[PDB]
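Undergrad:
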Amino acid sequence: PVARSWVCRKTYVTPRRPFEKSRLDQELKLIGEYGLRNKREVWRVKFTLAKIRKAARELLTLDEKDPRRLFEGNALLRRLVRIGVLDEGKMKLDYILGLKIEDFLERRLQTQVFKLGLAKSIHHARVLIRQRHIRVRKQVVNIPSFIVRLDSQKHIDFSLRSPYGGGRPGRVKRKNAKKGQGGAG
Amino acid sequence: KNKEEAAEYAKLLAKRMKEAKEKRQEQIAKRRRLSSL
Amino acid sequence: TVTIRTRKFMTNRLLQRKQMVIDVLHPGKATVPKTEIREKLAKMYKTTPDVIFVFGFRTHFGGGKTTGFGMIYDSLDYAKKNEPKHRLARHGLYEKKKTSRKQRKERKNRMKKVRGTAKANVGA
Amino acid sequence: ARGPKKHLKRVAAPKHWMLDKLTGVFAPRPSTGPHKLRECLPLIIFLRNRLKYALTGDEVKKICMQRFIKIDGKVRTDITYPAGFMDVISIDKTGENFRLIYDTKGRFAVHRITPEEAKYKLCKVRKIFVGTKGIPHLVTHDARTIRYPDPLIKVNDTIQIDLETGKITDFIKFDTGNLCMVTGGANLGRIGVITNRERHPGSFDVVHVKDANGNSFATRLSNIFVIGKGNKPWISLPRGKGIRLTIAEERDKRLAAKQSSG
RNA sequence: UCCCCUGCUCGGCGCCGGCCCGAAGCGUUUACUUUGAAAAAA
RNA sequence: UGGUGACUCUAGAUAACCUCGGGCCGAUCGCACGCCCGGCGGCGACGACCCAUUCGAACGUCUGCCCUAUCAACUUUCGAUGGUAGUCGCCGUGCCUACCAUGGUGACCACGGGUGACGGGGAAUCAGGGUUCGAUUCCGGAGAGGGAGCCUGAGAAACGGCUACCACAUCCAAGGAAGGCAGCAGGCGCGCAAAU
RNA sequence: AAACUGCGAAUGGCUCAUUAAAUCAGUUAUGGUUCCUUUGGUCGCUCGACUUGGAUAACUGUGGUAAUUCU
């Protein structure tokens, strides 16, 4: 009798067909356009989209004027509009099913840094995030899969302890400066 | 305290018994009234 | 430039101490040790820097913030009465006998082997 | 097993204690006392997780051994003494009193009271007993034997007793129209007015209680505690008044509070 | 959508001992269907 | 007197009993001190035949367990079914005695056998139904090689308590003495298989 | 310190061998019994010494066994 949790789950589901053609084509297109690392990430986004769609389907098989339906459906709708994948003009239960994987992958921190206008490319954006250069509301983020909210998009800038946003320089600048001081002295 | 509690309960039980007897006499008088009416 | 802001301040007449949560702002440097926190809480709260007992300082990811616990006692007798012994040992007014559990258990069993006055003799 | 149990697990505990899942293996098993195992609140749990006076289990023991905790006008030094429904917790040093009243949900709550309120206690009578020499005896829900009660006290009534003496002050009959409290089950802590009492011989009776806005529910006779004469309670009620508003108005009032606060 | 197509000892809830309503007491029994209670935690 | 849906309930009165292995009705302790002409006082601890309460435990009531007919009838003064009167048990009761009657279950699967069977809350897969697992941290039950018997205690058929049997087994001057890791580490054996 | 006394050692921990209306699960009853401890009551209710008795520990001293938490 030890005091642990033992609560864990998988975040992705492997496809049924191991060697297909068109599925591998759009998976490679998604990886290359969004700058991902492996198929596990796009399978994870597909799995969470499938879970949201499954919940929307089982709530849409139900009848109207049911208080638990209205409650956790409004919970799902406010989550989907606060995460940045839905609009105020489409606050309906059926419009969840019209969503795509582009909408979930467009709120990723990597493409938000790439489209914000402070990274050269999306791979450069992943390198910039991974090397501790940005911050989100006075807090640096070391990872690219930080799915931002609608109310936190306008606060992304360079971190204070970084040579890009004003701070101490890195190691090759200081090493080359010391080499220049040695050569000039 | 046993003597005081016994005396107090005896007085209160006498009051309750008097009230119940008055209620029963009122019911007997009302029974006589409905027998006469 | 290391500032201290307090949080969740609440005092106890029944423990003769004041509990609070310390938020330490130290941007651009390492985690500050606890003794300058003790003198700074002594300076801001107008108290001697020996009844303040702080612990549990965790630094947030990124550097610059540190959240921890700290108490302010009325006097030294109350600080000696209702406290754990390890904080008093950290401040250096309490020390324990340098024996392991194995020696104590073996000595207890060997003392249990005999009876009488020789129980103290076999335990050395 | 071979005897009575002495340990209680954290996950195998009543949920209204509202403990976490990973800080230990064992729960504070309450000592034997006036109240039961499920419907009680130990002094260690209350004084550590409700008032936040202590931090660890040693510090609340050092509080309790300084004779600062008073229960029903008596000093209790037990660290796991069961404090049940409408037990008066008095602190002489800090200077405030508490009454253990259920809220709308199934849990206890911190409800401060005036000292003039903290001199009596409402309790439910259980059975009518006749002693050795024809002397009447009365058994309450907290197992306080009262000698020489009023003859009008019946089985399902309620009485108000004086804490510093131990005598019956005044009583409320159990009839339709009296304000009551539900203690146990799904309906717990709801304040309502009794409207009906169905009779089932050989089994448990069921009553019908109406809320303050037209809502109705039903509980057994053993889960009924009358708190007032008519529509006026005899104690101070906590915030919310036991109305049990459902999740939609809770979400709406939380959104309104977040809008008005920011 | 809304009211209607079961009755013969005490009240009080009203009207003029009486009427009315509410109740001590009861209605050929079942399955099915709807609600409510209780239904450990994880 | 008082209560239950229901007493041979609680209470009342009368006549006695009241176990030398025996019910109670205080030959215990600490602190602060005292008032009033020796006697008279408070706040606590310990113990207490009882009554209620609390943790329970125990025996019952209704319903629900995988496979097998190459298991179709089973049980019975060596109790199986019911009745009466008793012993014993903390109590109800074939739980056990003495006397009676021949009963009781079964094709709606009794009975016998198997299980790589501890049961449940649960887990994997899963359109919709379903299939498989559950030794395993929570709840209940069982055991400490296997049967058996018991002391003490409120509560044990207790095994980090005792007493004898067999199997295994330690020390010895050979007369005797001492044991039970299916607890935590560790070792041997075993196996595809599991840590200081 | 030691020792007498009282209390707890029947809790906790490990395992799944036995067990197929057995265990167990939900619902029920003890009006058919027991209950350490805690809490509350009861404890001059009975019509008849200003403190009693002798035994044993711990301790002192003398021993046996090859050996035991032996005596």
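Protein chains in written order, with the entry's author numbering: chain K, 2 to 186; chain H, 201 to 237; chain Z, 4 to 127; chain F, 2 to 263. Note that beta-carbon positions come from the ideal geometry of N, C-alpha and C, so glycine has one too.
Mind listing which residues of the segment 10–30 of chain F have their C-beta closer than 8 Å to chain K's C-betas, in chain order?
TA: Listed in sequence order: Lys10, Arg11, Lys22, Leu23, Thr24, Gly25 and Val26.
Undergrad: Using a beta-carbon distance below 8 Å, is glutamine 132 of chain K in contact with chain Z?
TA: Not closer than 8 Å to any Cβ of chain Z, the Cβ of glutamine 132 of chain K fails to qualify, so no.
Undergrad: Suppose you measure from the CA of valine 111 of chain F to the CA of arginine 70 of chain K; what does that come to, to the nearest Å?
TA: Answer to the nearest angstrom: the Cα atoms are 34 Å apart.
Undergrad: So what does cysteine 65 of chain F bridge to, in DSSP terms?
TA: Answer is none; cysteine 65 of chain F lacks a bridge partner.
Undergrad: Exposed or buried, what is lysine 125 of chain F when buried is set at 16 or more other beta-carbons lying within 10 Å of its beta-carbon?
TA: By the neighbour-count rule (16 or more Cβ atoms within 10 Å), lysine 125 of chain F is buried.
Undergrad: Given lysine 53 of chain F, which residues of its chain have a CB within under 8 Å of its CB, disregarding the five upstream and five downstream residues?
TA: Answer for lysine 53 of chain F: no residue qualifies.
Undergrad: Looking at C-alpha atoms only, which residue of F:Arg3, F:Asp21, F:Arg30 and F:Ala84 is the closest neighbour of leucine 9 of chain F?
TA: Minimum Cα distance to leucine 9 of chain F is reached at F:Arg30.
Undergrad: Let's test the definition: count the other Cβ atoms within 10 Å of the Cβ of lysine 122 of chain F and tell me whether it reaches 16, buried, or not, exposed.
TA: Buried: at least 16 other Cβ atoms inside 10 Å.
Undergrad: Taking Cβ to Cβ, would you say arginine 108 of chain F is nearer than 8 Å to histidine 17 of chain F?
TA: Yes, Cβ-Cβ distance for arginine 108 of chain F and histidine 17 of chain F is below 8 Å.
Undergrad: Mind listing which residues of the segment 46–67 of chain F have their C-beta closer than 9 Å to chain Z's C-betas, in chain order?
TA: Per Cβ criterion, the list reads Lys53, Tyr54, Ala55, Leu56, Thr57, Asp59, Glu60, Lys63, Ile64 and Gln67.
Undergrad: Does any CB atom of chain H fall closer than 8 Å to the CB of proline 35 of chain F?
TA: Taking Cβ atoms only, chain H never reaches closer than 8 Å to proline 35 of chain F, which makes this a no.
Undergrad: Got a sec? Which residues, its chain only, sit under 8 Å from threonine 177 of chain F by beta carbon, not counting five neighbours each side?
TA: Excluding sequence neighbours, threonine 177 of chain F sits near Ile195, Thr196, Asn197 and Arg198.
Undergrad: Rounded to the nearest angstrom, what separates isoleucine 72 of chain F and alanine 206 of chain H at their Cα positions?
TA: Near 29 Å, if we compare the C-alpha coordinates of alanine 206 of chain H and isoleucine 72 of chain F.
Undergrad: CB-CB under 8 Å to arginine 45 of chain K, same chain, minus the five flanking residues each way: which ones, in chain order?
TA: Correct list, in chain order: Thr12 and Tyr13.
Undergrad: Under 9 Å Cβ-Cβ, which residues of chain Z neighbour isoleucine 92 of chain F?
TA: Chain Z residues near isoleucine 92 of chain F: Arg16 and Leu17.
Undergrad: Would you tell me roughly how many angstroms separate the C-alpha atoms of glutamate 226 of chain H and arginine 233 of chain H, rounded to the nearest one?
TA: So the alpha carbons of these two residues sit roughly 10 Å apart.
Undergrad: Take the Cβ of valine 141 of chain K as the centre, count every other Cβ of all protein chains shown within 10 Å, and call the residue buried at 16 or more, exposed below.
TA: So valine 141 of chain K counts as buried.
Undergrad: I'd like the span of the alpha helix (DSSP H) that includes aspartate 26 of chain Z, first residue to last.
TA: Here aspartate 26 of chain Z belongs to no alpha helix (DSSP H); instead the beta strand (DSSP E) covers 20–28.
Undergrad: Would you be able to state if there are at least three C-beta pairs under 8 Å between the segment 91–99 of chain F and the segment 136–150 of chain F?
TA: Segments in contact, no.
Undergrad: Identify each residue in the segment 4–28 of chain K for which the Cβ-Cβ distance to at least one residue of chain F is less than 8 Å, and report them in chain order.
TA: So the list reads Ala4, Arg5 and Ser6, given in the order they occur along the chain.
Undergrad: With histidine 8 of chain F as the anchor, note down where its beta strand (DSSP E) starts and where it stops.
TA: Careful: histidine 8 of chain F lies outside any beta strand (DSSP E) and carries neither H nor E.
Undergrad: Using a Cβ-Cβ distance under 8 Å, would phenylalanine 115 of chain K count as near chain F?
TA: Chain F, which has no Cβ nearer than 8 Å to the Cβ of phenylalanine 115 of chain K, makes this no.
Undergrad: Under DSSP, the beta strand (DSSP E) around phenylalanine 58 of chain Z begins and ends at which residues?
TA: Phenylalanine 58 of chain Z -> beta strand (DSSP E) spans 55–62.
Undergrad: Quick one: list the residues of chain K neighbouring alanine 249 of chain F, beta-carbon separation under 8 Å, in chain order.
TA: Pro68, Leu71 and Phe72, listed in chain order.
Undergrad: Scan the segment 140–167 of chain F for residues whose Cβ lies nearer than 8 Å to a Cβ of chain H and list them as they occur along the chain.
TA: Within the segment 140–167 of chain F, the residues whose Cβ lies closer than 8 Å to some Cβ of chain H are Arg148, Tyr149, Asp151, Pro152 and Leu153, listed in chain order.
Undergrad: Which chain F residues are close to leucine 213 of chain H, counting only those with a beta carbon under 8 Å from its beta carbon?
TA: Within chain F, the residues near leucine 213 of chain H are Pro152.
Undergrad: Do the segment 49–68 of chain F and the segment 8–27 of chain Z touch if we need at least three Cβ pairs shorter than 8 Å?
TA: Counting Cβ pairs under 8 Å, three or more are found: they touch.
Undergrad: With distances taken between CB atoms, is the gap from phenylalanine 226 of chain F to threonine 159 of chain F smaller than 8 Å?
TA: A contact, by the Cβ cut-off of 8 Å.
Undergrad: Short of 8 Å in beta carbon distance, which residues of its chain neighbour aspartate 26 of chain Z, apart from the five on each side in sequence? Order them along the chain.
TA: Within the same chain, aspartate 26 of chain Z has close Cβ partners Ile7, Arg8, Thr9, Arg10, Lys68, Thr69 and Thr70.
Undergrad: To the nearest angstrom, how far is it from the Cα of residue 3 of chain Z to the Cα of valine 117 of chain Z?
TA: Shown here, chain Z extends from 4 to 127; a query on residue 3 of chain Z therefore has no answer.
Undergrad: For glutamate 42 of chain K, does the count of other Cβ atoms within 10 angstroms reach 16, so buried, or fall short, so exposed?
TA: Burial call: buried.
Undergrad: Can you tell me which of the three DSSP states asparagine 143 of chain K falls into?
TA: If DSSP states are grouped into helix, strand and coil, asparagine 143 of chain K belongs with coil.
Undergrad: Do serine 153 of chain K and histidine 134 of chain K have their CB atoms nearer than 8 Å?
TA: Result no, Cβ atoms of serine 153 of chain K and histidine 134 of chain K do not sit closer than 8 Å.
Undergrad: Can you tell me which of F:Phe218, F:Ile192, F:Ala144 and F:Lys6 puts its alpha carbon nearest to the alpha carbon of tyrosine 103 of chain F?
TA: For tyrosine 103 of chain F, the nearest C-alpha among the options comes from F:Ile192.
Undergrad: Where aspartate 151 of chain F and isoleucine 162 of chain F are concerned, what is the direct C-alpha to C-alpha distance, given to the nearest angstrom?
TA: So the alpha carbons of these two residues sit roughly 13 Å apart.
Undergrad: Taking only the alpha-carbon atoms, compute the straight-line gap between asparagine 157 of chain F and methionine 217 of chain H and give it to the nearest angstrom.
TA: Their backbone Cα atoms lie some 22 Å apart in a straight line.
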